[PDB]
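Protein chains in written order, with the deposited numbering: chain 2, 26 to 348; chain 1, 26 to 348. Where is the CB? At the ideal position from N, CA and C, for every residue including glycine. See below for the structure under consideration.
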C-alpha cells in the first residue's frame, strides 16, 4: 500500500532493484538485512525495526517457523509469475504444496582459494582444511549448520544427522580446526580473501563470483566430500502489515527478467527457469555457480534437523566462545 | 606487462572496471583491498602478498611515505588525461607539483542516521553523539584521524593538531564516548546501519549513498562543528615491478567516462573535473556527495600531522584496547 518492510540477507538485492519495484507499483520498500537464519528468526520474535512484510527464511527453517505460526499461507493465485520457477524445487516436504514459501535464491558453500596465493590443486577436500599448514589462515562461514555439516561430512556421518553422538563427534572435530580458523563471515565471505587476511577456507559461491568479477583470483574448489547446497525462500510474516504489498514484491521477484537481471550481478543461482534460460552464457557455463548434477549428487542439501537444531546451535556457540 | 597488483580501498572499484582495463591494454590486474592507510602502510613495509604496483594512500600520508622513499616519482607525461582533474585539487603542499600523488577519489565523513528509526532533526553535532541518551548504539569509523578529528572539533582545537596536549584531551574525551560505541567499521560504514545494528554514528558519504540506493534510508547530517573532508591518491611504490602498466591504470581511472561510470556507482565524488560535468543530475545535485562550498568551509580536510602522527595512532589503538 504505502511502505513495505523487506528483511533479507546481505548480498541478495543490489541497488536499484527496489527502486525499480517502487516505480512500477509506487510501493516504497524500506530495506533491512541479516547474515543468519538464527539471527533473522530471533529478531522476528522480538523486533519491529528488524523487518515485517517480507522475509527470507532458508528452506530448513520453513516448517519450523510455520508450525511455530510465524508465517502465514501465501496466495499463489496472486503470484502470476509462479510458473517461472522450475519444479525440481517445488515438491519439497518442508512445504509440499508450496504454501508458505516461494523459492527465492539458492546456492552452495564450497572451498574458496586465492589462486595467486595458493595453487588450488593443493586443495581437494574439507579434510585438507584441518592441516597445520593452515594455522591461523582460514575463514569459516559464520553458519552453525554449514560449519557443522563440513565436519560431519569429513567424519563420514553427515549433513543433517539427528543423532547427537555423531554431532558431538563433529563438534570435537571442529575444536581441532579452530586453531586454523582466523575469521568467521556471513556478510560477505569473499572480502577477507580480497583484503589479504585469508587465502583459503569456506565461501559462498555467489560471493567468490563478485570477488572474481572484482579482481581477486578466487577459486571455488568443490570439496571431495560434498559441497553444501542451500535454498532461501521468501515468506510473509504471520502478522505483516502489508500482505497484499508483499505479494506484489514476491511477484516482482518472480518475473524472469528481474531474476535474470539480479543473478548475473550476484552470482547466486536462480531457482527460476525462464530466466535461467536467458542467462548470459558466461554466467551459465560457470560450474561453480551452476554445478553439474555430477557434483550436486555428491553434494548434500541443508535440511531441517528438527528438535536437534537446539544441539547444533548450542555447540556452535560453544565453539565460537571458548576459542 | 602480464600482471599488475593494485592495492586499494574496499568499495572503490565496482565489479567490471579492471576486467575492462585488461580488455583494452591486455594487462591482467590482481585486486587486493584494505580499510586503512595504517594497514596499507604496515603492509607496504612487509608484504609481497600485500600489494606492489599501484597503491592508494590518503593525501595526509603522501609526504609521510614520500620521505621514507616508499613511493616513487610518477611520469606525468605518460598520464595524457592528467588535464581532467580540477586545478583546485592539485595545489596542495604535501605534493607541490604532483610528483608523487595523483588525485583519485575524495570524499567525507559526517553523521549518518536511519531516518526511518531516528529523527535526523534530533542530531546536529559530533557533540550530540556523546549524549548518554545513545548508549552502546553508535557506529564509529575505524580510522584514528577521523575518530580523533570528531573529538578535537568537539573541544575546539582540532583536526591536524601536532601539539600532544590537545591530542591527550582528544583521547580522554573519546573514553567519555566509548561506552556508546556499538561498532567500529572501515569496510563499509553503511552495512551495520542496514543490518539495524546501529541507527546512527559517523558515516562515509559514498556508503550512505549506496545504502539509500540499496533501500536503507540513511541520512547524512553535516555536523555543526564541521565534517571531516578527505582525498585519496594513487601512487607507485618505489619499487613496483610494473611501473609502466601502473601508469596505464592511473591514466585509465583518469579517463572521464571511467571516472563518471564509477562516480555514480559508488557515490564518492571524483577529483576529475571533466566527468563531474557529465555527472548524472541526481548524483551531481546530491547535497551529501558534493557538499556546498559553505559546508566545506566550516569543514576541515585531514592534513599531515608529521611526527605527531605516532601519538594519534598509538592512543587510538589504546582506546580501542581499553573498551
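According to the neighbour-count rule (16 or more other Cβ atoms, all chains shown, within 10 Å of its Cβ), is residue i buried or exposed?
i: residue 248 (chain 1); result: buried
i: residue 76 (chain 1); result: buried
i: residue 60 (chain 1); result: buried
i: residue 45 (chain 2); result: exposed
i: residue 62 (chain 2); result: buried
i: residue 342 (chain 2); result: exposed
i: residue 134 (chain 1); result: buried
i: residue 122 (chain 2); result: exposed
i: residue 147 (chain 1); result: exposed
i: residue 258 (chain 2); result: buried
i: residue 237 (chain 2); result: buried
Note down the Cα distance separating residue i from residue j, rounded to an integer number of angstroms.
i: residue 151 (chain 2); j: residue 198 (chain 2); result: 12 Å
i: residue 332 (chain 1); j: residue 195 (chain 2); result: 52 Å
i: residue 309 (chain 1); j: residue 178 (chain 2); result: 53 Å
i: residue 240 (chain 1); j: residue 57 (chain 2); result: 8 Å
i: residue 213 (chain 2); j: residue 35 (chain 2); result: 7 Å
i: residue 183 (chain 2); j: residue 40 (chain 2); result: 38 Å
i: residue 132 (chain 2); j: residue 324 (chain 2); result: 12 Å
i: residue 253 (chain 1); j: residue 294 (chain 1); result: 14 Å
i: residue 265 (chain 1); j: residue 97 (chain 1); result: 9 Å
i: residue 23 (chain 1); j: residue 231 (chain 1); result: Within the shown structure, residues of chain 1 are numbered from 26 to 348, placing residue 23 (chain 1) beyond reach of any answer.
i: residue 160 (chain 1); j: residue 154 (chain 1); result: 9 Å
i: residue 281 (chain 2); j: residue 127 (chain 2); result: 14 Å
i: residue 105 (chain 2); j: residue 322 (chain 2); result: 32 Å
i: residue 108 (chain 1); j: residue 170 (chain 2); result: 55 Å
i: residue 285 (chain 2); j: residue 298 (chain 2); result: 10 Å
i: residue 217 (chain 1); j: residue 156 (chain 2); result: 34 Å
i: residue 334 (chain 1); j: residue 319 (chain 2); result: 58 Å
i: residue 79 (chain 2); j: residue 51 (chain 2); result: 17 Å
i: residue 261 (chain 2); j: residue 268 (chain 2); result: 7 Å
i: residue 330 (chain 2); j: residue 172 (chain 2); result: 15 Å
i: residue 313 (chain 1); j: residue 100 (chain 2); result: 42 Å
i: residue 275 (chain 1); j: residue 176 (chain 1); result: 35 Å
i: residue 193 (chain 2); j: residue 209 (chain 2); result: 21 Å
i: residue 219 (chain 2); j: residue 191 (chain 2); result: 35 Å
i: residue 65 (chain 2); j: residue 338 (chain 2); result: 14 Å
i: residue 10 (chain 2); j: residue 74 (chain 1); result: Because residue 10 (chain 2) is not part of the residues shown, which for chain 2 are 26 to 348, the question remains open.
i: residue 256 (chain 1); j: residue 129 (chain 1); result: 8 Å
Measuring only between beta-carbons, confirm whether residue i sits less than 7 Å from chain 1.
i: residue 9 (chain 2); result: Since the first residue shown for chain 2 is 26 and the last is 348, residue 9 (chain 2) is missing from the structure and cannot be characterised.
i: residue 57 (chain 2); result: yes
i: residue 371 (chain 2); result: There is simply no residue 371 (chain 2) to check, as chain 2 begins at 26 and stops at 348 in what is shown.
i: residue 142 (chain 2); result: yes
i: residue 71 (chain 2); result: no
i: residue 145 (chain 2); result: no
i: residue 43 (chain 2); result: yes
i: residue 65 (chain 2); result: no
i: residue 36 (chain 2); result: no
i: residue 311 (chain 2); result: no
i: residue 289 (chain 2); result: no
i: residue 239 (chain 2); result: yes
i: residue 217 (chain 2); result: no
i: residue 74 (chain 2); result: yes
i: residue 221 (chain 2); result: yes
i: residue 40 (chain 2); result: yes
Examine chain 2 for any beta-carbon lying closer than 7 Å to the beta-carbon of residue i, and answer yes or no.
i: residue 235 (chain 1); result: yes
i: residue 51 (chain 1); result: no
i: residue 226 (chain 1); result: no
i: residue 134 (chain 1); result: no
Note down, in chain order, every chain B residue with its Cβ under 7 Å from the Cβ of residue i.
i: residue 54 (chain 1); result: Note that chain B does not occur in the displayed structure, where the protein chains are 2 and 1.
Would you check if there are 3 or more beta carbon pairs closer than 8 Å linking the region 300-309 of chain 1 to the region 284-291 of chain 1?
yes
Could I get the ranges of all uninterrupted beta strand (DSSP E) runs contained in the region 71-142 of chain 1, with 3 residues as the minimum, in chain order?
127-139
Touching or not, the region 78-91 of chain 1 and the region 115-123 of chain 1, by the rule of three or more beta carbon pairs under 8 Å?
yes
Enumerate, from N- to C-terminal direction, the unbroken alpha helix (DSSP H) stretches of 4 or more residues contained entirely within the region 267-338 of chain 1.
268-279, 281-288, 298-301, 306-309, 318-322
Three or more C-beta pairs below 8 Å linking the region 223-240 of chain 2 and the region 166-176 of chain 2:
yes
Any alpha helix (DSSP H) of 4 or more consecutive residues that is wholly inside the region 139-214 of chain 1:
169-179, 189-200
Are the region 86-97 of chain 1 and the region 61-74 of chain 1 touching, with three or more C-beta to C-beta distances below 8 Å?
yes
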